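Protein chains in written order, with the deposited numbering: chain U, 158 to 207; chain D, 240 to 475; chain E, 8 to 475; chain O, 7 to 193; chain A, 9 to 407, 410 to 509; chain B, 3 to 85; chain C, 341 to 425. In what follows, a single structure is set out as structure tokens and then discussed.
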Amino acid sequence: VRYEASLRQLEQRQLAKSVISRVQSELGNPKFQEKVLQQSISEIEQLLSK
Amino acid sequence: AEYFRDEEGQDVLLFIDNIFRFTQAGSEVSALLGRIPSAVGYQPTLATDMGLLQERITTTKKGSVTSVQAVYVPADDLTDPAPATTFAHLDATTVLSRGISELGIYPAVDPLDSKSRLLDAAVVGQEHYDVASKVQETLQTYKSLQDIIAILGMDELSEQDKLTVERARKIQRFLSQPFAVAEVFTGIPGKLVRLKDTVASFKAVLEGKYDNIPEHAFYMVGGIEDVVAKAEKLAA
Amino acid sequence: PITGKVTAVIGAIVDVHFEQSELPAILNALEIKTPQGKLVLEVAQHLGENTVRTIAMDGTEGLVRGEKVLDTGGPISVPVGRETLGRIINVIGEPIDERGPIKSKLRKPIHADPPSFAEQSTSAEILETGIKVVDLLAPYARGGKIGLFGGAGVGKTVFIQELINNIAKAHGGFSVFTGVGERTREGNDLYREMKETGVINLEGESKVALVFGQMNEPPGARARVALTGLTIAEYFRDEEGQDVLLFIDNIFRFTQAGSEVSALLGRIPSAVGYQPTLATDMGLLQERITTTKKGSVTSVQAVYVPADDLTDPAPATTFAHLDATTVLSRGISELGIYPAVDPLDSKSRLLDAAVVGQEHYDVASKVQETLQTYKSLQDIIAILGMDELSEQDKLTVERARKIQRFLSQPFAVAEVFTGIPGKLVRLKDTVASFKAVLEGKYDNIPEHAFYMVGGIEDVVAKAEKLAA
Amino acid sequence: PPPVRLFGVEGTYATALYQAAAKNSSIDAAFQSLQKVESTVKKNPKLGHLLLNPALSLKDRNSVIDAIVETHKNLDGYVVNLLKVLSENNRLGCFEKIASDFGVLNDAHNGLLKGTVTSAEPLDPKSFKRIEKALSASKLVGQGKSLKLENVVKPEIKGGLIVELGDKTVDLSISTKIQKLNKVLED
Amino acid sequence: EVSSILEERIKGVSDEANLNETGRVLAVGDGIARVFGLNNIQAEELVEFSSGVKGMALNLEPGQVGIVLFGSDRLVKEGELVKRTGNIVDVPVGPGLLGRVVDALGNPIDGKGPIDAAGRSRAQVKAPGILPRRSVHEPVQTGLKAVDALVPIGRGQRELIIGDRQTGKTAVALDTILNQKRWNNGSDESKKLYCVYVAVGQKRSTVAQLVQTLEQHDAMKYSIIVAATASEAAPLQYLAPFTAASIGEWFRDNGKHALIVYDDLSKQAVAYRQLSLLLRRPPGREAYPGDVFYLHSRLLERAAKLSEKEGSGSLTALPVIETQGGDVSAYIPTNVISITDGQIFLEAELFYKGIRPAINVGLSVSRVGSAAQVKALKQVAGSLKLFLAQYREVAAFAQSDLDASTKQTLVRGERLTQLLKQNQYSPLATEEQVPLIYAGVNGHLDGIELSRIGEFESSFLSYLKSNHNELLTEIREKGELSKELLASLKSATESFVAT
Amino acid sequence: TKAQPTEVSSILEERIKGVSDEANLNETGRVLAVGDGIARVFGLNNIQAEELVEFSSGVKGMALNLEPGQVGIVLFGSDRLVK
Amino acid sequence: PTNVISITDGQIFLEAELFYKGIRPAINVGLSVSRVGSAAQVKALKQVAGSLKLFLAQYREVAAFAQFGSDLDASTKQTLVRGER
């Protein structure tokens, strides 16, 4: 049971490096560019709703 | 220690020395940091600094850590805020009194002032509790009567009191237990007596089963076997 | 049309920036409209640059910096009238008894500098008290400040009730009970008592007017309650020409409140913490308590000594202002003697052969000497035996124990409370009573036939009942 | 009263200057002279940047003022009285600070709002216009107080964008979202 | 997977539009970020940082608003955008906090999830006035005989628990909570005191032991543990009693009764000291803030027995002050001593002399006293006060050739001293408290040996339980003792004493 | 940076406005920020040390601190008079 | 003094009253400790002075009692006499 609990923590740390990888993927891809354009239009809609 | 407790999983026994130095150090850089000095110049962040240190040290479902933290009590005043704050923050206090050291007893502990989280009744065992209640009362009485002895004189006490005084002096010197680290002091090899054995032996003393044993045959000797042996030694 | 926007709210110290040339004067009162009604800030500085520094008397929580402020233009003007008698009024001058809006004709500023040297009376004046003990060993004065000592457990409150009753018969005067640092429990009890003892009659008039300042009420309002109260008293004295009696509760908490306001103002706390303006604040307050040519305000104040350190500056400063001290003790109450006055610890500076008369003084001195000798005599007389008393000595012991019992007034407020009909004994008859006891004319009437018995006339009856 | 606080001090100069020159109404002129002397001060390095570093005397400061009025022959003598004041107050270090603050007061008097669209990227002009349009559409640009909106490149705000103006913000940066996202997946 | 569930929860948070009033930290030191911005901000408003830390805004200065960060500065950095949460402090209040160990915000540190909260009410609010008062008379029985007879108090009232450092200060308190179980079990909600223990600056382990003990005595089902642990920072600690009080208002407002034990205001003071000194405010006497008195007075006057008119409710309180080596002259004690309606003063000698409770009843006082307490218990304990009074005076005469009168006193008095010992964490039922004291009153315990007092006691109780359980039920239900009931009771005592 | 008493905005506003001194400030003053029973006055550049000054409010005070740009009078009297 | 006490390995308190009492140089050995034991003490002197400490410690207790001047037992007066010498 102890090693099982340890494995749950280990899964989170496995997933921790997965967050790092996914951050690098977003910042690597021109999804970095294309989703910034998406954010721009989303902010336009948000700010227009003000 | 956290790495041991957590990552290696192993329980440990932490030892830190001296935590007044931890306080003193923090007080000093608080001043340098420009914080308005609190009482007796102590850092305003004293509580939280002590608190962080203590809170970090704990028994978790990953391990157990047993800190023994030395504390230097300036001029033996526990009314000093830095010792007093630490006094709250710890769970198993011990007071080491100069007077008791001077009596030549090593332990130098003040027995009435020792307190611990575990120092219960049933949890320490009903017998243990009762024995300890009797010890505490005997010593507390002995201390109370010390004033009476001081002015009025020893001779104005009752028979019951005299038996209590005789037991108390014997108990006082039966609390003395040689230490290995007083092979650099006395040279006398240490003695360490297992818990069950101590409970039994103290019960006997209180009952007066060893009131037929001289006071000095308890002095600076260990367990009951030793006390009896030193009684024989003094006898011949 | 004075308006300004709040430019700081560091604690309860609110700095307000006011439109140019419309700036307050120091001691003005500002009102900030709030859903809490108003918050009253009192200007205690000008920080200049069209900004001021004020203190608050109410809490400042949830404030948004920039709130509009309106300036009343001076120290708050609190409603006054006989209308305000029997109305519990909070510091700002609004009903907390909530028996409708406080009806008032005139309102008057809470600050007001002491009367002129000329205006103040040049000769002594004595205030009567139905209590024989008070009138003998520490006679009151109409302008006087008489500082009560001894707990509320002894029945401080009953003593206070007693005085109000006596005043009503004596003069038909007024009173204002100002309570500083008053526990909500104590306030309830007092209100309930005051209704009961008819010093407040909800329907019909009320002798006592109440100003209650609870402990919870902020330190600033704690400081200002007294001065407001004094104005009310002064409306009675000055503008109704009638003698008044103004109670104050703990003056320690008056000091504590003042000390805090100093610290809030950032001013260097003078020795033992107390405000550097400690002396002056008492000086202004207790010179607005005086005998004017038109009235006299008597004030009974309560001195909560800080761990019985009379040595501490705050009590000392108070005792300087105080003229007499009445020192109630629980030992006395335990001897069943109501009043609870400890006769060898009550002293007034108006006790003199000149001030209260040679006869009064001599009678008092003999009685004092009797008591003084009696107590000291009882120390070894009790231990050694009562037979060790000489005929002369036991004449004194007998007289003393007869006097001791004779002291207890079964007084009117506590007619219910002890259960025994009240005794209000006039000053002339008090002197007369003790003269006769000094001549030992009632040294044939045993000591317990004076227990809970009023004056000389009264113990004629009791003497008859004792026999019968 | 002056338009808006200067979040305190250094603006006490700006306020004084503002109101003093306000009654002469020459605020634009003042601003222009301050700009002109500021530009040539910036384009002067020894004691045009090391004059921004205090170490100068009263007398040496006065002689710097004399050099300064060579830098602009006339143009608002209230800021020339301000120069005297600053030399007399023996600090000219926070000089551009006062200039900037006076600029804020000036363009507040004009009624101008300043904004920024910080990104780590230099956004499209189409984007600039759409946001400018949006801001004008919103009640936030009240009209009377104009809109200046500057996209700036700040790599620190990596990805997304944050619009800022008049204590009104919208922050859809990636960094903040990443921070929250990461942290909760360490639970 | 746990990974998927966590992802789902986080994934379900998107879209911002709330931020408006920004602030920017100028400098962050000491947990005191100083912002130029946030022009319109309420005082003690909740503010949410970029980091996410929450604060209150104690200093509103003309050019900077000095936020006090509730959390660590580890993730806080300078220049940070400070979104304006826009709410002055409010905490969930409701019935759900019964059986909940919560942190100050209300986030369960026992992780018992969502809280049944019927309001969010502000934490700093003004106290019940003169008009919100009804006469105090409702017994508060802690199941400790000395407390119940010698120093009892009514509901809605203050009474200090000022005593020696960790001499089971918490233990003395805990005994009361256990006795509240008996009344709690009963349906009547005047008999349901919904207890709150307010653990200020206390180790999570220590409180875990407390929690575990409470669970063992099943007291969790009316207990609320407001927790500001040692680790929990000084802002939380500052607001910890105030926040707790607000919870109490909900029960009280419902007309119910409850008991809040503030433990210990000594650590609250230090936290305020930390705040004030860090806010550079001048510190008061004994280096404890000048307006610490103002804090305490506000807090301690909120305990009130409300008017019948405004509904009879109450909020009994029992503040705990830790005496720094038995010092009662200290600034924080002196202030508190004045406010409180009673004190209980624990004494070290007594503790050593094995008198547990170690309460020194001479230095314990009640200013509510006999106004509340069972009439029955009042009848049979007037004598007790007087007897004990003599025993105290004649205590010093205990150390030779002693007068018979003194010696008689010593016999009665010593037996009483043993009798008021009670094994801590065991409270007693009042219907059996009245018998034990009655025996002492009838002096039949004079004939019982000191060691045998203890055995006698339990035996006497069992004897009453079998033989005279009619009497026990009568004492309980009548709540008063008729001469005939005292007669029968005396007979029972005599009979038991004979055996 | 630092806040000097001459860097007060009312002082500054006069200074930017040129000179306005001379007797107005050489032998009369105009009061600045006031409270704490001491007042800080602008001008009075001629003023004997410990002179008695009479304020326009009736009250008179004794000059204590002669400082470069300000004089700190000590008010012999009530502050309600002063503004 | 507090700072130094921690740093050092011993304290050698001299008492002024004891200076006057006639120990010149004075001492005050109740407030003098060296917790580094009998290290760096000559072996001969270690043997001889072994109970010197006990005698003096007993003397300290006994002398206090003697000042109260209660009826002293011979055992205390052996100590008292020994201690004085």
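Cβ coordinates follow ideal geometry from the N, Cα and C atoms, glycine included.
The stretch 193 to 209 of chain A makes contact with the stretch 264 to 272 of chain A: 3 or more CB pairs, one atom from each, lie closer than 8 Å. Membership of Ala279 of chain A in the alpha helix (DSSP H) is indicated by the continuous run 273 to 286.
Note on geometry: alpha-carbon atoms of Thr67 of chain E and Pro42 of chain E lie some 12 Å from one another. Those residues of the stretch 217 to 235 of chain E placed with their C-beta closer than 7 Å to a C-beta in chain A are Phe219, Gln221, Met222, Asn223, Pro225, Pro226, ordered along the chain. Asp98 of chain A: member of the beta strand (DSSP E) spanning 98 to 101, first to last residue. Beyond the five residues adjoining it in sequence on each side, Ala126 of chain A comes within less than 6 Å, by CB distance, of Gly102 in the same chain, given in chain order.
Contact between the stretch 215 to 227 of chain A and the stretch 68 to 85 of chain A is absent, with fewer than three C-beta pairs closer than 8 Å. For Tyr311 of chain D, at least one C-beta of chain C is nearer than 8 Å to its own C-beta. With a contact defined as Cβ atoms closer than 8 Å, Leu252 of chain E and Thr305 of chain E qualify at about 5 Å.
Taking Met289 of chain D as reference, the option from D:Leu272, D:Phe326, D:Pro346 with the minimal CA-CA separation is D:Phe326.
Between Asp98 of chain A and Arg108 of chain A, the gap from beta carbon to beta carbon reaches 8 Å or more. Per DSSP, reduced to three states, the secondary structure at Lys313 of chain A is strand. Restricting attention to A:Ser436, A:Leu168, A:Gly319, A:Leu113, the CA atom closest to the CA of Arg375 of chain A is found in A:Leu168. The three-state reading of DSSP puts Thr377 of chain E in helix, counting H, G and I together.
Of all residues in the stretch 15 to 40 of chain B, those with a C-beta nearer than 8 Å to a C-beta of chain O are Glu15, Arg17, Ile18, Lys19, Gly20, reading in chain order. In this structure, the straight-line span from the alpha carbon of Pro8 of chain E to that of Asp78 of chain E is close to 8 Å. Residue-level contact check: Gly55 of chain E touches chain B, since one or more beta carbons of chain B fall below 8 Å from its beta carbon.
It is roughly 47 Å from the alpha-carbon of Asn195 of chain E to the alpha-carbon of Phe506 of chain A.
Within 9 Å of the CB of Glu16 of chain O, the CB atoms of chain B belong to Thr3, in sequence order along the chain. Under the 8 Å Cβ criterion, the stretch 327 to 340 of chain A does not count as touching the stretch 144 to 156 of chain A, having fewer than three qualifying pairs.
Taking a cut-off of 8 Å for Cβ pairs, the stretch 443 to 461 of chain E and the stretch 399 to 407 of chain E touch, as three or more such pairs fall below it.
Taking 8 Å as the upper bound on Cβ-Cβ separation, chain A lies near no residue of the stretch 115 to 138 of chain O. In the three-state DSSP reduction, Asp81 of chain B falls in the coil class, being neither helix nor strand.
The residue among O:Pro131, O:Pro161, O:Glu170 with its C-alpha nearest the C-alpha of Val147 of chain O is O:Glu170. The three-state secondary structure of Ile255 of chain E, taken from DSSP, is strand. Closest by C-alpha distance to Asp23 of chain A, out of O:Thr182, O:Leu153, O:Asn112, O:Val190, is O:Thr182. Taken through DSSP and simplified to helix, strand or coil, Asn186 of chain U comes out as coil. Contact annotation: in the stretch 160 to 188 of chain U, residues whose CB is within less than 8 Å of a CB in chain A are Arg165, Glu168, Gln169, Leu172. Here the stretch 294 to 311 of chain E makes contact with the stretch 140 to 157 of chain E; the two share three or more CB pairs at distances below 8 Å. In the three-state reduction of the DSSP assignment, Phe424 of chain D falls in the coil class, being assigned neither a helical nor a strand state. For secondary structure counted as the beta strand (DSSP E) over 3 or more consecutive residues, the stretch 189 to 271 of chain E holds these complete runs in sequence order: 215 to 221, 251 to 257. The stretch 286 to 302 of chain E and the stretch 301 to 308 of chain A do not touch, with fewer than three beta-carbon pairs separated by less than 8 Å. Not flagged as an interface residue toward chain O: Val158 of chain U, since no C-beta distance is shorter than 8 Å. Residue ranges of uninterrupted alpha helix (DSSP H) with 4 or more members, entirely inside the stretch 334 to 413 of chain E and ordered along the chain, are 337 to 340, 365 to 391, 398 to 413. Between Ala41 of chain A and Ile75 of chain A, the CB-CB gap stays under 8 Å.
In this chain, the beta strand (DSSP E) harbouring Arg42 of chain A covers 40 to 45.
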